[PDB]
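What follows is a short report on a single structure.
Neighbour counts are summed over all protein chains in view; Cβ atoms, including those assigned to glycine, are modelled from backbone coordinates with ideal geometry. What follows is calculated from the coordinates using simple rules that are stated; it is not laboratory data.
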Amino acid sequence: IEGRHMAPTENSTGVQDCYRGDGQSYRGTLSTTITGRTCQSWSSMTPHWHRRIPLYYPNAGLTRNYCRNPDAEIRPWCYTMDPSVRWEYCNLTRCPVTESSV
């Protein structure tokens, strides 16, 4: 989990940083994504329109810019603060330990 710049890439098999269990299971608290990007606080309208602000959706409970995803899958998928991305995967990757059955 977490890390610094080193891998010239990202998205699943692009950047380092391994996850555990369900990277997008309402966990993490890293508020980061990859090696120089965040989740973009859902409300900070400046670089890019994050998404349906806490007015249309049933106020689920987004942790500001805490790298995460609305529903689920395996890894989060939210924009970043860096005005040169608009989208990035949280610093979480398949670790060579945990497995998956269901």
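Descriptive notes on the structure:
- Any hit, the stretch 48-64, residues being assigned to a loop (DSSP other than H, G, I, E, B), touching an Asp or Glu at 6+ places or on another chain (Cβ under 6 Å) and surrounded by 12 or more Cβ atoms within 10 Å (Cβ to Cβ): no
- A search for C-beta distances below 6 Å between a residue of the stretch 27-51 that is at positive phi and any residue that is among the hydroxyl-bearing types (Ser, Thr, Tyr) and assigned to a strand (DSSP E or B), counting only pairs 6+ apart in sequence or on different chains, returns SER31/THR38.
- For the stretch 68-92, the set of residues classified as in contact (Cβ under 8 Å) with a residue 60 or more places away in the chain and surrounded by fewer than 22 Cβ atoms within 10 Å (Cβ to Cβ) consists of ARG75 only.
- One residue from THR29, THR9 being surrounded by fewer than 12 Cβ atoms within 10 Å (Cβ to Cβ), within 11 Å of the chain's Cα centre (by Cα) and assigned to a loop (DSSP other than H, G, I, E, B): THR29
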